[PDB]
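Worksheet for the structure shown next.
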Amino acid sequence: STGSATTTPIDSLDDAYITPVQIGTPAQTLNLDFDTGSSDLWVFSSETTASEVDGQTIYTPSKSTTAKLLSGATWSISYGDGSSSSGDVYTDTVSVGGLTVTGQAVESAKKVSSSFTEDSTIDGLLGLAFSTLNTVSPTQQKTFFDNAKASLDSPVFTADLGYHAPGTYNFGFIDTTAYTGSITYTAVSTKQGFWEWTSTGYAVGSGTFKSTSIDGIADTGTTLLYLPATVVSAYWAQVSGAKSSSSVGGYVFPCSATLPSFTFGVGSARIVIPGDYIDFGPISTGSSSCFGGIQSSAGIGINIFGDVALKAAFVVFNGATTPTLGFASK
Ligand SMILES: N=C(N)c1ccc(C(F)(F)F)cc1
C-alpha cells in the first residue's frame with residue numbers, strides 16, 4: 001500500500017504545516033501537524049476542556065463506530081516551546097492520503113495549553129519520530145508510520161515541504177519526479193528516539209564550505225533551523241545590522257536586508273537554503289526589525305534541522321531495519 005497527502009502552510013510565514021487526516025467511522029477529518037520530532041498522535045476532541053477550544057475541529061469518539069476506549073491509558077506531552085497537552089486514549093481507524101491503519105492509538109486531549117488553544121488552524125499532532133518516544137502510559141503506543149510499515153510497498157515516508165506553498169507527505173514510495181539529481185543517504189541514530197543524523201558542514205552565501213560534523217535531528221515539527229552558536233554567528237555576521245536580541249529571543253535583522261543563502265552538507269552533497277527562506281518577518285506588526293530563520297541551539301541541547309532546512313529538500317525517512325535519512329535537491 002501507499003498514501004499521499006498534501007501539506008499546507010498554516011500562515012504566510014510557514015510557521016507550521018497541516019495535513020488532513022481521516023479518523024473514525026464515518027470519517028472525521030482533522031488537520032494535523034505532522035511532526036518527525038515526536039511520536040504521539042493527539043487531537044482536539046469532545047473531551048477537551050471547553051474553554052481551551054477556539055475554532056479547532058474536534059474528534060468525537062462517541063460518533064465513531066470503530067472507536068474503542070483504550071482502558072486505563074493516559075498521555076502527557078511537552079514541546080520545545082513550553083506548550084503541552086494531555087488526556088486519555090482511544091483506538092480507531094486512521095487514514096492519511098488513502099493509506100489506512102486500523103487500531104491506531106488516537107490520543108484525545110482533555111487539556112491543552114494556551115498556545116494550542118490560540119492556534120485555530122492546528123487540530124492536533126501526528127508524530128513520526130520513533131515509537132520509543134510515545135508518551136502513552138502504562139502501555140506505550142506505536143506511531144501511524146510504525147503501524148503502517150508492514151503494509152507499505154517500501155518502509156519509507158517522504159517530506160516535501162513547500163516554501164510559501166503546499167507540499168506533500170508520501171508513505172510507502174519515493175516519487176522520483178519530485179526531486180532533481182540523486183538522493184544522498186546518511187546514517188541515523190535512533191538512541192534519543194529522533195531521526196538524528198550528522199551534517200558534514202556548511203557554507204554562508206557564496207562563501208567557502210566549512211567541513212565540520214553537526215549532529216542534529218530532522219524535525220518537521222520545528223519551524224526554524226537551530227545550529228551551534230559559532231555557525232549561527234558566522235551566518236548573521238554577513239547581514240548588516242543583524243544582532244542577537246535577548247529581549248526578542250534570538251537573532252533579528254533589518255527588514256530591508258537581502259539575506260544570504262545557507263548551505264548544509266549531506267555526505268558529499270549540498271542542500272542550499274535560499275536567503276528568503278530565512279526571513280520570518282517583522283518581530284511585531286509594523287516593525288522594521290525582522291526575525292531570523294537560523295537561530296542558536298545553545299541551551300536546547302540538540303541541533304534541529306527544522307522546516308527552514310527541510311523545505312529546501314526532498315527528504316526520505318527510511319524506516320528499514322537500519323533506518324537512514326535521504327536528502328535531494330528539488
Ligand atoms: N518536534 C518536537 N516535538 C520537538 C520538541 C522538542 C525538542 C527538543 F526539546 F528535544 F529539542 C525537539 C523536538
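All residue names refer to the C-alpha cells as shown: chains lettered A, B, ... in order, residues numbered from 1 in each chain, ligands numbered from 1 in order.
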Mind listing the residues within 6 Å of ligand 1, only C-alpha atoms and all ligand atoms counted, as JSON, numbers by chain?
{"A": [35, 37, 38, 79, 80, 219, 221, 222, 300, 302]}
Okay, now the selection with C-alpha atoms, as a PDB file, in the first residue's frame?
ATOM      1  CA  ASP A  35       5.909  16.060  13.493  1.00  0.00           C
ATOM      2  CA  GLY A  37      10.294  15.090  16.258  1.00  0.00           C
ATOM      3  CA  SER A  38       7.604  13.439  18.397  1.00  0.00           C
ATOM      4  CA  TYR A  79       7.058  20.538  23.341  1.00  0.00           C
ATOM      5  CA  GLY A  80      10.035  22.797  22.712  1.00  0.00           C
ATOM      6  CA  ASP A 219      12.266  17.754  12.542  1.00  0.00           C
ATOM      7  CA  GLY A 221       7.533  19.911  13.715  1.00  0.00           C
ATOM      8  CA  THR A 222      10.069  22.694  14.384  1.00  0.00           C
ATOM      9  CA  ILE A 300      18.367  23.360  23.640  1.00  0.00           C
ATOM     10  CA  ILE A 302      20.433  19.392  20.335  1.00  0.00           C
TER      11      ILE A 302
END
Which residues are close to residue A:307, i.e. within 9 Å by only C-alpha atoms, leaving aside same-chain residues fewer than 2 positions away? Reply as a PDB file with N, CA, C and O atoms, in the first residue's frame.
ATOM      1  N   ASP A  14       4.934  30.227   6.913  1.00  0.00           N
ATOM      2  CA  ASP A  14       5.248  28.792   7.008  1.00  0.00           C
ATOM      3  C   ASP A  14       5.586  28.451   8.458  1.00  0.00           C
ATOM      4  O   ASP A  14       6.517  27.689   8.754  1.00  0.00           O
ATOM      5  N   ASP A  15       4.795  28.984   9.426  1.00  0.00           N
ATOM      6  CA  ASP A  15       5.125  28.678  10.813  1.00  0.00           C
ATOM      7  C   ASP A  15       4.937  27.195  11.128  1.00  0.00           C
ATOM      8  O   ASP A  15       5.612  26.648  12.012  1.00  0.00           O
ATOM      9  N   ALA A  16       4.069  26.523  10.433  1.00  0.00           N
ATOM     10  CA  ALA A  16       3.825  25.099  10.546  1.00  0.00           C
ATOM     11  C   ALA A  16       3.025  24.658   9.318  1.00  0.00           C
ATOM     12  O   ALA A  16       2.553  25.511   8.576  1.00  0.00           O
ATOM     13  N   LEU A 161       8.191  19.630   1.787  1.00  0.00           N
ATOM     14  CA  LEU A 161       7.552  20.817   2.271  1.00  0.00           C
ATOM     15  C   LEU A 161       7.789  21.970   1.298  1.00  0.00           C
ATOM     16  O   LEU A 161       8.889  22.132   0.747  1.00  0.00           O
ATOM     17  N   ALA A 218      16.245  15.716  12.098  1.00  0.00           N
ATOM     18  CA  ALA A 218      15.344  16.132  11.027  1.00  0.00           C
ATOM     19  C   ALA A 218      13.951  16.237  11.583  1.00  0.00           C
ATOM     20  O   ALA A 218      13.345  15.203  11.907  1.00  0.00           O
ATOM     21  N   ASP A 219      13.464  17.463  11.733  1.00  0.00           N
ATOM     22  CA  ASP A 219      12.266  17.754  12.542  1.00  0.00           C
ATOM     23  C   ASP A 219      11.253  18.615  11.816  1.00  0.00           C
ATOM     24  O   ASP A 219      11.355  19.847  11.824  1.00  0.00           O
ATOM     25  N   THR A 220      10.240  17.970  11.216  1.00  0.00           N
ATOM     26  CA  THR A 220       9.194  18.729  10.530  1.00  0.00           C
ATOM     27  C   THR A 220       8.313  19.544  11.461  1.00  0.00           C
ATOM     28  O   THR A 220       7.611  20.458  11.005  1.00  0.00           O
ATOM     29  N   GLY A 221       8.323  19.217  12.740  1.00  0.00           N
ATOM     30  CA  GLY A 221       7.533  19.911  13.715  1.00  0.00           C
ATOM     31  C   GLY A 221       8.167  21.138  14.341  1.00  0.00           C
ATOM     32  O   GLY A 221       7.541  21.770  15.208  1.00  0.00           O
ATOM     33  N   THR A 222       9.371  21.481  13.952  1.00  0.00           N
ATOM     34  CA  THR A 222      10.069  22.694  14.384  1.00  0.00           C
ATOM     35  C   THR A 222      10.140  23.630  13.191  1.00  0.00           C
ATOM     36  O   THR A 222      10.522  23.209  12.098  1.00  0.00           O
ATOM     37  N   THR A 223       9.813  24.897  13.396  1.00  0.00           N
ATOM     38  CA  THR A 223       9.749  25.857  12.292  1.00  0.00           C
ATOM     39  C   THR A 223      11.131  26.200  11.730  1.00  0.00           C
ATOM     40  O   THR A 223      11.315  26.291  10.512  1.00  0.00           O
ATOM     41  N   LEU A 224      12.057  26.493  12.641  1.00  0.00           N
ATOM     42  CA  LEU A 224      13.337  27.116  12.311  1.00  0.00           C
ATOM     43  C   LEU A 224      14.491  26.132  12.269  1.00  0.00           C
ATOM     44  O   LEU A 224      14.360  24.927  12.559  1.00  0.00           O
ATOM     45  N   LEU A 225      15.653  26.623  11.882  1.00  0.00           N
ATOM     46  CA  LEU A 225      16.922  25.891  11.823  1.00  0.00           C
ATOM     47  C   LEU A 225      17.741  26.322  13.016  1.00  0.00           C
ATOM     48  O   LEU A 225      18.131  27.493  13.122  1.00  0.00           O
ATOM     49  N   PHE A 305      17.270  20.510  12.535  1.00  0.00           N
ATOM     50  CA  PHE A 305      17.018  20.806  11.137  1.00  0.00           C
ATOM     51  C   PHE A 305      15.508  20.816  10.960  1.00  0.00           C
ATOM     52  O   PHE A 305      14.886  19.821  10.600  1.00  0.00           O
ATOM     53  N   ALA A 309      15.224  24.319   6.981  1.00  0.00           N
ATOM     54  CA  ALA A 309      16.110  23.450   6.238  1.00  0.00           C
ATOM     55  C   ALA A 309      15.407  22.399   5.406  1.00  0.00           C
ATOM     56  O   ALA A 309      15.743  22.179   4.240  1.00  0.00           O
ATOM     57  N   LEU A 310      14.421  21.723   5.995  1.00  0.00           N
ATOM     58  CA  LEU A 310      13.809  20.603   5.289  1.00  0.00           C
ATOM     59  C   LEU A 310      13.089  21.038   4.033  1.00  0.00           C
ATOM     60  O   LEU A 310      13.034  20.294   3.067  1.00  0.00           O
ATOM     61  N   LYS A 311      12.484  22.242   4.026  1.00  0.00           N
ATOM     62  CA  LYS A 311      11.701  22.689   2.884  1.00  0.00           C
ATOM     63  C   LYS A 311      12.579  22.982   1.671  1.00  0.00           C
ATOM     64  O   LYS A 311      12.054  23.091   0.549  1.00  0.00           O
ATOM     65  N   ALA A 312      13.880  23.087   1.853  1.00  0.00           N
ATOM     66  CA  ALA A 312      14.831  23.210   0.747  1.00  0.00           C
ATOM     67  C   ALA A 312      15.175  21.872   0.103  1.00  0.00           C
ATOM     68  O   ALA A 312      15.902  21.852  -0.889  1.00  0.00           O
TER      69      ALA A 312
END
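Using only C-alpha atoms, the smallest distance between any of A:59, A:144, A:197, A:44 and residue A:113 comes from A:44.
Among the candidates A:320, A:9, A:64, A:110, the residue lying nearest to residue A:52 is A:110 (atoms considered: only C-alpha atoms).
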Set the distance at 12 Å and use only C-alpha atoms: which residues neighbour residue A:92 once local chain neighbours fewer than 2 positions away are removed? I'd like the list as JSON, numbers by chain.
{"A": [22, 23, 24, 25, 26, 27, 28, 41, 59, 60, 61, 62, 63, 64, 65, 66, 67, 68, 69, 70, 89, 90, 94, 95, 100, 101, 102, 103, 104, 105, 106, 107, 108, 144]}
Written file, previous selection with C-alpha atoms, as an mmCIF file, in the first residue's frame:
data_model
loop_
_atom_site.group_PDB
_atom_site.id
_atom_site.type_symbol
_atom_site.label_atom_id
_atom_site.label_comp_id
_atom_site.auth_asym_id
_atom_site.auth_seq_id
_atom_site.Cartn_x
_atom_site.Cartn_y
_atom_site.Cartn_z
ATOM 1 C CA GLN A 22 -9.374 10.902 8.447
ATOM 2 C CA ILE A 23 -10.239 9.492 11.876
ATOM 3 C CA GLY A 24 -13.075 7.114 12.660
ATOM 4 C CA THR A 25 -16.167 5.720 11.000
ATOM 5 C CA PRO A 26 -17.743 7.736 9.335
ATOM 6 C CA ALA A 27 -14.555 9.701 8.791
ATOM 7 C CA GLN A 28 -13.877 12.802 10.851
ATOM 8 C CA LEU A 41 -0.984 11.226 17.511
ATOM 9 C CA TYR A 59 -12.663 14.389 17.162
ATOM 10 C CA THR A 60 -15.812 12.923 18.826
ATOM 11 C CA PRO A 61 -15.144 9.254 19.583
ATOM 12 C CA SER A 62 -18.779 8.580 20.525
ATOM 13 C CA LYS A 63 -19.750 9.368 16.884
ATOM 14 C CA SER A 64 -17.292 6.789 15.516
ATOM 15 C CA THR A 65 -18.497 3.152 15.275
ATOM 16 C CA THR A 66 -14.855 1.933 15.219
ATOM 17 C CA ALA A 67 -13.619 3.928 18.263
ATOM 18 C CA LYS A 68 -12.758 1.960 21.415
ATOM 19 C CA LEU A 69 -11.512 3.389 24.707
ATOM 20 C CA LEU A 70 -8.016 2.096 25.441
ATOM 21 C CA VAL A 89 -6.675 7.304 24.523
ATOM 22 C CA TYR A 90 -8.923 5.602 22.001
ATOM 23 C CA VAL A 94 -6.882 6.467 10.781
ATOM 24 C CA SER A 95 -6.260 7.217 7.153
ATOM 25 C CA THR A 100 -5.443 3.233 6.298
ATOM 26 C CA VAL A 101 -4.348 1.908 9.710
ATOM 27 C CA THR A 102 -6.818 0.098 11.910
ATOM 28 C CA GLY A 103 -6.322 0.065 15.682
ATOM 29 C CA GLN A 104 -4.299 3.306 15.741
ATOM 30 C CA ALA A 105 -3.926 4.972 19.137
ATOM 31 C CA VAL A 106 -5.717 8.320 18.911
ATOM 32 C CA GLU A 107 -4.788 10.380 21.964
ATOM 33 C CA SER A 108 -7.748 12.554 22.933
ATOM 34 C CA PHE A 144 0.989 5.760 12.474
#
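Minimum distance to residue A:82 across A:212, A:168, A:115, A:36 (counting only C-alpha atoms) occurs at A:115.
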Which parts of stretch 126-278 of chain A does DSSP call strand (DSSP E) when run on the backbone here, written out as a ChimeraX atom specification?
/A:126-127,156-160,167-171,184-187,196-204,210-218,225-227,243-245,250-254,262-266,269-273
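With distances taken over only C-alpha atoms, A:216 is the one residue among A:327, A:256, A:216, A:285 lying closest to residue A:306.
For the pair atom CA of residue A:191 and atom CA of residue A:326, the interatomic distance is 18.7 Å.
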Residues within 9 Å of residue A:124, please, as number ranges by chain. Count only C-alpha atoms; anything in the same chain fewer than 2 positions from it doesn't count.
A: 30-34, 41-44, 56, 109, 116, 122, 126
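Interatomic distance, atom CA of residue A:181 to atom CA of residue A:2: 23.6 Å.
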Could you list, as JSON, numbers by chain, every residue within 9 Å of residue A:261, counting only C-alpha atoms and ignoring same-chain residues fewer than 6 positions away?
{"A": [203, 204, 205, 206, 235, 272, 273, 274, 275, 276, 277, 278]}
Let me see the file: selected residues, C-alpha atoms, as a PDB file, in the first residue's frame.
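Output below, filename part.pdb:
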ATOM      1  CA  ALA A 203      28.566  27.494   3.860  1.00  0.00           C
ATOM      2  CA  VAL A 204      27.183  31.045   4.151  1.00  0.00           C
ATOM      3  CA  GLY A 205      26.146  32.661   0.876  1.00  0.00           C
ATOM      4  CA  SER A 206      28.824  32.298  -1.782  1.00  0.00           C
ATOM      5  CA  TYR A 235      25.721  33.439   9.171  1.00  0.00           C
ATOM      6  CA  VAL A 272      21.076  25.194  -0.420  1.00  0.00           C
ATOM      7  CA  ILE A 273      18.536  27.156   1.631  1.00  0.00           C
ATOM      8  CA  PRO A 274      17.755  30.375  -0.257  1.00  0.00           C
ATOM      9  CA  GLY A 275      18.027  33.561   1.792  1.00  0.00           C
ATOM     10  CA  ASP A 276      14.315  34.313   1.509  1.00  0.00           C
ATOM     11  CA  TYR A 277      13.565  31.082   3.408  1.00  0.00           C
ATOM     12  CA  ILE A 278      15.397  32.575   6.437  1.00  0.00           C
TER      13      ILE A 278
END
Which value, in Å to one decimal, gives the distance between atom CA of residue A:195 and atom CA of residue A:129?
6.6 Å
Test item: residues at most 6 Å from residue A:85, only C-alpha atoms, excluding those fewer than 3 positions along its chain, as a list in words
residues 76, 77, 111 and 112 of chain A
Might you pull out every residue within 6 Å of stretch 130-142 of chain A, with only C-alpha atoms counted and same-chain residues fewer than 5 positions away left off, and present them as a VMD selection string?
chain A and resid 39 to 40 73 to 75 193
Same residues, C-alpha atoms, saved as a short mmCIF file (atom, residue, chain, number, x, y, z; two decimals), in the first residue's frame:
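Output saved as part33.cif:
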data_model
loop_
_atom_site.label_atom_id
_atom_site.label_comp_id
_atom_site.auth_asym_id
_atom_site.auth_seq_id
_atom_site.Cartn_x
_atom_site.Cartn_y
_atom_site.Cartn_z
CA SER A 39 5.67 10.19 18.47
CA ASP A 40 2.13 10.86 19.69
CA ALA A 73 -4.27 4.66 29.14
CA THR A 74 -3.25 8.27 29.53
CA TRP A 75 -0.75 10.58 27.83
CA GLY A 193 14.17 8.48 19.56
#
Rank A:241, A:323, A:228, A:172 by their smallest atom-to-atom distance to residue A:289, using only C-alpha atoms, and report the top residue only.
A:241
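Closest to residue A:160 among A:121, A:324, A:6, A:114 is A:6, based on only C-alpha atoms.
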Please extract the residues of stretch 137-171 of chain A with a backbone DSSP assignment of alpha helix (DSSP H) and present them as JSON, numbers by chain.
{"A": [144, 145, 146, 147, 148]}
